[PDB]
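Report on one structure; see the data block that follows.
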Amino acid sequence: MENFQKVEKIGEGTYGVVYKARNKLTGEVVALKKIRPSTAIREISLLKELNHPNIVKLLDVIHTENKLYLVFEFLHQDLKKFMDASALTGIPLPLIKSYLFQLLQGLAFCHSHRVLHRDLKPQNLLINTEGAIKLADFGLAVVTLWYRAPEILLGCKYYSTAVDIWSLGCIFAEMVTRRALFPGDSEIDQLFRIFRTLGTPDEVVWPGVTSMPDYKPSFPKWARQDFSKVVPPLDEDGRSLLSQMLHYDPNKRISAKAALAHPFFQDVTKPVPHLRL
Ligand SMILES: Nc1nc(Nc2ccc(S(N)(=O)=O)cc2)sc1C(=O)c1ccccc1
């Protein structure tokens with residue numbers, strides 16, 4: 001825009017580009033997403049009221065010249081970069097726990113306001129020097145499929161808040177092991193990597209799964225893998241919580257509210273991360 005001086009591009013997606021920018025007048029530093037309807041723009045105006053310490057603040061929405069600009073408070077690093085920077089040693093468990101706890105608080109909040117994120121991934125989880133982590137780039141009602149819930153992959157038409165819990169469980173596992181849990185490179189490879197680890201779902205663990213849009217009786221039947229092999233460095237409380245975030249049945253999958261009460265968070269604290277900016 002004219003009122004903003006681009007400092008640098010900080011990301012690109014299949015629907016918008018995000019820039020670090022400075023308000024030529026107020027001098028405030030922000031993240032500005034540029035996109036090239038009515039229900040949508042109104043769905044966005046709603047996001048503006050969504051204020052929580054673990055949700056990136058949407059400051060302004062400007063629709064002009066066939067472009068839609070969203071102005072957000074700026075955070076200095078995303079979780080993908082922090083995880084890469086922490087690959088040699090790993091993020092200490094207490095910080096992993098703090099981040100997971102905070103993200104669950106953010107989801108508990110949006111979900112209670114009937115707002116779903118739909119596309120959680122390390123690149124849209126932002127952190128600051130104070131130890132906070134916040135949800136960014138909420139999705140409206142080469143793409144990474146790694147954090148996609150199985151019901152989406154199987155063609156469900158109506159997502160539930162459970163899709164966000166699944167994505168967060170995948171991210172939790174990745175922080176712990178320092179390797180993506182299900183790194184699929186296509187929708188079917190993504191689905192099959194999930195099946196190879198958690199077992200091919202059936203009517204027993206997921207009632208109604210065989211009648212889903214993209215379910216094929218021809219899917220291979222893989223046995224579920226021992227969970228202790230999936231995220232070895234994780235203690236039993238963590239594995240227990242993870243297994244609940246990764247239940248196949250969206251209705252059995254733990255809610256963010258319930259997850260916050262899990263024994264895993266009994267000793268949660270808020271550590272300071274070591275951030276190189
Ligand atoms: N508020 C906000 N601040 C951001 N700063 C940022 C992001 C990454 C890095 S990096 N790669 O670690 O050097 C450094 C700063 S991004 C952002 C968004 O709201 C957003 C928008 C669309 C998609 C994803 C995020």
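Going by the structure tokens order, chains are called A, B, ..., each with residues numbered from 1, while ligands are numbered from 1 in the order shown.
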Given 7 Å and only C-alpha atoms and all ligand atoms, residues near ligand 1 as a list in words |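 These are the residues that qualify: residues 10, 11, 18, 20, 30, 31, 33, 56, 72, 73, 74, 75, 76, 77, 78, 79, 80, 81, 82, 123, 124, 126, 136 and 137 of chain A.
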Could you please write out, as an MDAnalysis selection string, every residue of region 2-173 of chain A that DSSP assigns to strand (DSSP E)?
-> chainID A and resid 4:12 17:23 29:35 58:64 67:73 77:78 125:127 133:135
Would you export the selected residues with N, CA and C atoms as a compact mmCIF listing (two decimals), in the first residue's frame, please?
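Dumped everything to part-v4.txt:
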```txt
# COMPACT_ATOMS: atom_id res chain seq x y z
N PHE A 4 2.05 2.14 3.67
CA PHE A 4 3.01 1.18 4.21
C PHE A 4 4.27 1.02 3.38
N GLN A 5 5.40 0.94 4.07
CA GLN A 5 6.67 0.75 3.40
C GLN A 5 7.09 -0.70 3.65
N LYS A 6 7.15 -1.49 2.58
CA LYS A 6 7.55 -2.88 2.71
C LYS A 6 8.98 -2.95 3.18
N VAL A 7 9.22 -3.74 4.21
CA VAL A 7 10.56 -3.91 4.73
C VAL A 7 11.13 -5.13 4.03
N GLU A 8 10.33 -6.19 3.96
CA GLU A 8 10.74 -7.42 3.31
C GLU A 8 9.58 -8.39 3.22
N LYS A 9 9.66 -9.29 2.26
CA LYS A 9 8.63 -10.30 2.07
C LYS A 9 8.95 -11.37 3.11
N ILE A 10 7.96 -11.84 3.84
CA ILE A 10 8.22 -12.87 4.84
C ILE A 10 7.48 -14.18 4.59
N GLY A 11 6.82 -14.27 3.45
CA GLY A 11 6.09 -15.48 3.13
C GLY A 11 5.13 -15.34 1.96
N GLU A 12 4.86 -16.46 1.30
CA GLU A 12 3.95 -16.49 0.17
C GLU A 12 3.10 -17.75 0.24
N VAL A 17 0.30 -12.94 -0.16
CA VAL A 17 1.71 -12.75 0.15
C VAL A 17 1.75 -11.94 1.44
N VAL A 18 2.72 -12.24 2.30
CA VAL A 18 2.82 -11.53 3.57
C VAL A 18 4.14 -10.78 3.63
N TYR A 19 4.04 -9.51 4.02
CA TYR A 19 5.20 -8.65 4.10
C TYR A 19 5.39 -8.08 5.49
N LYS A 20 6.64 -7.80 5.84
CA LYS A 20 6.91 -7.11 7.09
C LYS A 20 6.83 -5.70 6.55
N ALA A 21 6.07 -4.84 7.21
CA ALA A 21 5.92 -3.48 6.74
C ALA A 21 5.87 -2.49 7.89
N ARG A 22 6.11 -1.23 7.58
CA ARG A 22 6.09 -0.17 8.58
C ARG A 22 5.06 0.89 8.22
N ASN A 23 4.22 1.24 9.18
CA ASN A 23 3.21 2.26 8.95
C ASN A 23 3.93 3.60 8.77
N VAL A 29 5.42 -1.36 13.31
CA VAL A 29 5.84 -2.47 12.46
C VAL A 29 4.73 -3.52 12.49
N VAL A 30 4.31 -3.96 11.32
CA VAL A 30 3.23 -4.93 11.20
C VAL A 30 3.50 -6.01 10.16
N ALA A 31 2.63 -7.02 10.13
CA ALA A 31 2.71 -8.04 9.10
C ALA A 31 1.51 -7.67 8.23
N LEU A 32 1.72 -7.59 6.93
CA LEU A 32 0.66 -7.20 6.01
C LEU A 32 0.46 -8.28 4.98
N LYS A 33 -0.74 -8.85 4.95
CA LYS A 33 -1.01 -9.89 3.98
C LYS A 33 -1.80 -9.26 2.85
N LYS A 34 -1.36 -9.49 1.62
CA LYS A 34 -2.03 -8.95 0.46
C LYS A 34 -2.69 -10.08 -0.32
N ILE A 35 -3.97 -9.92 -0.60
CA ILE A 35 -4.74 -10.91 -1.35
C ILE A 35 -5.28 -10.25 -2.61
N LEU A 58 -5.54 -9.09 14.63
CA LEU A 58 -5.82 -8.55 13.30
C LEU A 58 -6.14 -7.09 13.59
N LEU A 59 -5.28 -6.19 13.13
CA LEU A 59 -5.43 -4.77 13.39
C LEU A 59 -6.38 -4.07 12.44
N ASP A 60 -6.25 -4.35 11.15
CA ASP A 60 -7.10 -3.71 10.16
C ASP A 60 -7.32 -4.53 8.91
N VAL A 61 -8.44 -4.25 8.26
CA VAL A 61 -8.81 -4.94 7.03
C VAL A 61 -9.11 -3.86 6.00
N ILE A 62 -8.35 -3.83 4.92
CA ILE A 62 -8.57 -2.82 3.88
C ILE A 62 -8.85 -3.46 2.53
N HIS A 63 -10.03 -3.17 1.99
CA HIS A 63 -10.43 -3.70 0.70
C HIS A 63 -10.43 -2.55 -0.30
N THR A 64 -9.45 -2.54 -1.20
CA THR A 64 -9.35 -1.47 -2.19
C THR A 64 -8.57 -1.90 -3.43
N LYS A 67 -7.86 -5.53 -4.29
CA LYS A 67 -6.91 -6.18 -3.40
C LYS A 67 -7.49 -6.14 -1.99
N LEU A 68 -7.18 -7.16 -1.21
CA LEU A 68 -7.63 -7.20 0.17
C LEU A 68 -6.36 -7.24 1.02
N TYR A 69 -6.22 -6.29 1.94
CA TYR A 69 -5.04 -6.23 2.81
C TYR A 69 -5.44 -6.49 4.24
N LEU A 70 -4.71 -7.37 4.90
CA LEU A 70 -4.99 -7.65 6.29
C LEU A 70 -3.75 -7.22 7.05
N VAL A 71 -3.94 -6.38 8.06
CA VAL A 71 -2.83 -5.87 8.84
C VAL A 71 -2.83 -6.55 10.21
N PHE A 72 -1.73 -7.23 10.51
CA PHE A 72 -1.59 -7.96 11.76
C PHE A 72 -0.43 -7.45 12.59
N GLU A 73 -0.53 -7.66 13.90
CA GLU A 73 0.56 -7.31 14.79
C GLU A 73 1.71 -8.21 14.32
N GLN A 77 9.27 -14.43 14.73
CA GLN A 77 9.70 -15.72 14.17
C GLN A 77 8.56 -16.72 14.16
N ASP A 78 8.58 -17.65 13.20
CA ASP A 78 7.55 -18.67 13.19
C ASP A 78 8.15 -19.96 13.75
N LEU A 125 2.43 -20.50 13.15
CA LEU A 125 2.45 -20.44 14.62
C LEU A 125 3.62 -19.50 14.85
N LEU A 126 3.35 -18.35 15.48
CA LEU A 126 4.37 -17.34 15.67
C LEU A 126 4.78 -17.19 17.11
N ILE A 127 6.07 -16.94 17.32
CA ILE A 127 6.59 -16.80 18.67
C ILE A 127 7.29 -15.47 18.89
N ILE A 133 3.31 -17.90 22.16
CA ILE A 133 3.17 -18.46 20.83
C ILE A 133 1.75 -18.12 20.45
N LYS A 134 1.53 -17.77 19.19
CA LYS A 134 0.18 -17.38 18.77
C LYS A 134 -0.24 -17.98 17.43
N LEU A 135 -1.53 -18.20 17.30
CA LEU A 135 -2.14 -18.73 16.08
C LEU A 135 -2.24 -17.59 15.06
```
Of A:86, A:39, A:112, A:54, the one sitting nearest residue 99 (chain A) when using only C-alpha atoms is A:54
Near residue 261 (chain A), counting only C-alpha atoms, which residues have an atom at most 12 Å away, once you skip same-chain residues fewer than 6 positions from it, shown as a PyMOL selection string?
-> chain A and resi 101+104-105+108+237+241+254-255+267-268
Per-residue DSSP, region 66-200 of chain A, filtered to alpha helix (DSSP H), as a VMD selection string = chain A and resid 79 to 85 93 to 112 150 to 153 162 to 177 187 to 198
With the cut-off set at 12 Å and counting only C-alpha atoms, tabulate each residue of region 241-275 of chain A with an atom at most that distance from an atom of region 176-193 of chain A, showing the nearest atom pair and its distance in Å to one decimal, ordered by chain and increasing number, as a Markdown table.
```
| residue | atom | partner | partner_atom | distance |
| --- | --- | --- | --- | --- |
| A:242 | CA | A:176 | CA | 11.0 |
| A:246 | CA | A:181 | CA | 11.2 |
| A:248 | CA | A:191 | CA | 11.6 |
```
With only C-alpha atoms counted and 8 Å as the cut-off, give the residues of region 170-215 of chain A in contact with region 154-166 of chain A, each with its shortest interatomic distance in Å and the pair that gives it, as CSV.
```
residue,atom,partner,partner_atom,distance
A:170,CA,A:166,CA,6.3
A:212,CA,A:154,CA,6.3
A:213,CA,A:155,CA,5.1
A:214,CA,A:154,CA,4.7
A:215,CA,A:154,CA,5.8
```
Fewer than 6 positions away in the same chain doesn't count, so skip those; otherwise give me all residues within 12 Å of residue 274 (chain A), counting only C-alpha atoms, as a count of residues only.
-> 14
Tell me, as a PyMOL selection string, which residues lie within 12 Å of residue 202 (chain A), counting only C-alpha atoms; anything in the same chain fewer than 4 positions away does not count.
-> chain A and resi 195+198+206-212+215-217+219-224+248-249
Using only C-alpha atoms, which of A:87, A:50, A:145, A:132 sits nearest residue 114 (chain A)?
-> A:50
Distance of CA of residue 140 (chain A) from CA of residue 43 (chain A), expressed in Å to one decimal place = 7.6 Å
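For the choices A:250, A:243, A:175, A:269, the atom-to-atom distance to residue 89 (chain A) is smallest for A:175 when using only C-alpha atoms.
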At what distance in Å, to one decimal, does CA of residue 245 (chain A) lie from CA of residue 55 (chain A)?
->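 Separation between CA of residue 55 (chain A) and CA of residue 245 (chain A): 20.3 Å.
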A:110, A:93, A:259, A:194 ranked by distance to residue 151 (chain A), top pick (using only C-alpha atoms) | A:194
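Of the residues under consideration (A:84, A:98, A:53, A:204), A:84 shows the shortest atom-to-atom contact distance to residue 276 (chain A) when counting only C-alpha atoms.
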